[PDB]
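Chains as they are written, first to last, in PDB author numbering: chain A, 353 to 516; chain B, 435 to 516; chain C, 106 to 187; chain D, 682 to 740; chain E, 764 to 861.
Yeah, the Cβ is synthetic: ideal placement off N, Cα and C, and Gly gets one too.
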Ligand SMILES: *[C@@H]1O[C@H](CO)[C@@H](O)[C@H](O)[C@H]1NC(C)=O
Ligand SMILES: *[C@@H]1O[C@H](CO)[C@@H](O)[C@H](O)[C@H]1NC(C)=O
Ligand SMILES: [Ca+2]
């Protein structure tokens, strides 16, 4: 990145580490977690660090486990202003077939609703934990291989560990 | 003291709806079937909501009311059909 | 933001005065605006924009009842939220 | 009834965060969802907005 | 009211099953493999289990086309993307690995 480092150093990306030896960084190729990101009006980021935009108004499928069926996430888009080029996220629906085949729903506030029932946070069930983060944003955590973020005003995130 | 026995919680049971089990906790909290709940709770018959934002009020149908069991001041209202 | 004098003719928009009243002609782009002394906006506009130009002066179609089609596209009965 | 407790004057209405506010920034609770005081909002067919506490929907 | 057409039959939400996946989860050819949300059914008239909706026509067999670039392709039809041919056998496109 346009600056010099002595030999033997070990700078670390978020993903892994690299060490200087004979003017050539040696680097590991071990996987590191991805992050699909919804934000703004309609701006998506794939797990593979692709960026794009799709201003559709329906219930779209954001993510899903597709060899087995440990979960499935479903975004719900609506127009969000006077203009037609303004399509923000209103809610997201999560589905856990591992526990009751339940159906979590993150609402346009910081609210959550399991199977129609509004819920006070925290929600320690067996696997999934739902709690506030700054007391202004919800955070789902199923197991140790799944996280989420607030879908109040539309800034959904995910954290998928390399087991997926 | 031994002459000090206050109420901690009360448990309500409605066989008309799911055979559910409501629970009024030592705060102003309510817990249906283990699940904590945000108030209000308009199900079909029973409504649960705050009163002054410091006291819960259950209302099943038009023949049953309740009051806060946080620090132990439970009430009931039973209409003459009972 | 820079106040200019009058008349003015940049970019194919002649900003003149006619009959003591101010005019803004755009014949290349197909419109003639003007204002009077009291203040009464007027917009003469060509037939090239038939069943097109949607806005606060409605679409240029033949009908007169459908010309509240909002920025989404919604026939609204109210002349105000439009 | 005519109850006893902690209120605030008639120009001010109660907000979720303990403070009470005028009806300008009093949010809407359409379908449970808590919308902010200015939220234009629409599917393809319906058209709804939140003005001052109430949710003005149309079709 | 309207007695719905012969090729399909009306449904009713049972009062017991929460899984009343009826009218709301109307399976068309797009959303068959996709998994759907549902609170309860409606007073609609849905195709049988062995067939799906297809542009205002309950196409019977599971032979309905295989879309690309928002265009129809009957089963068996091929497309040439790059130096590969690719055919839709059942419902998913079957390409070549050259
Ligand atoms: C206006 O546009 C619509 C849609 O393209 C078209 O059907 C109609 O013929 C046009 N003119 C009139 C007479 O409305
Ligand atoms: C293609 O069709 C064959 C049919 O036997 C199937 O086995 C195979 O998995 C399909 N996929 C591809 C693209 O090879
Ligand atoms: Ca008109």
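- With respect to chain E, the C-beta atom of residue 483(A) has no partner C-beta closer than 9 angstroms.
- With respect to the 9 angstroms criterion, residue 800(E) and residue 411(A) are classified as neighbours on the basis of their beta carbons.
- DSSP links residue 491(B) through a beta bridge to 483(B).
- Listed along chain B are 486, each with a C-beta nearer than 7 angstroms to that of residue 686(D).
- Straight-line spacing of the CA atoms in residue 452(B) and residue 439(A) works out to 40 angstroms.
- As computed with DSSP, residue 688(D) is found in no beta bridge at all.
- For residue 439(A), the enclosing beta strand (DSSP E) covers residues 439 to 447.
- When distances are taken from the beta-carbon of residue 155(C) to the heavy atoms of ligand 1, the shortest one is below 8 angstroms.
- Across the stretch 413 to 434 of chain A, CB contacts with chain D closer than 9 angstroms involve 430, 431, 432, 433, 434, in sequence order along the chain.
- Not one heavy atom of ligand 3 lies closer than 8 angstroms to the C-beta of residue 857(E).
- Closer than 9 angstroms to the CB of residue 736(D) there is not a single CB belonging to chain C.
- Beta-bridge partners assigned by DSSP to residue 106(C): none are found.
- From the beta-carbon of residue 177(C), the residues of chain D found nearer than 9 angstroms are 723, 725, 728.
- For residue 379(A), the enclosing beta strand (DSSP E) has its first and last residue at 376 to 379.
- Looking at the DSSP output, residue 369(A) sits in a beta bridge with 364(A).
- Taking C-beta separations shorter than 7 angstroms and ignoring five residues to either side along the sequence, the partners of residue 503(A) in its chain run 441, 443, 444, 458, following chain order.
- For residue 814(E), no pairing in a beta bridge is given by DSSP.
- Interface flag for residue 732(D) against chain A is unset, since no Cβ pair is found closer than 9 angstroms.
- In the DSSP assignment, the residues bridged to residue 847(E) are 844(E).
- Between residue 173(C) and residue 155(C), the CB-CB gap reaches or exceeds 9 angstroms.
- In this structure, residue 488(B) lies near residue 686(D), with their beta-carbon atoms less than 9 angstroms apart.
- The Cβ atoms of residue 447(A) and residue 426(A) sit closer than 9 angstroms to each other.
- Taking all protein chains shown into account, residue 460(A) has 16 or more neighbouring C-beta atoms within 10 Å of its C-beta and is therefore buried.
- Relative to the non-hydrogen atoms of ligand 2, the Cβ of residue 419(A) never comes closer than 8 angstroms to any of them.
- In this structure, ligand 3 has a non-hydrogen atom nearer than 8 angstroms to the beta-carbon of residue 169(C).
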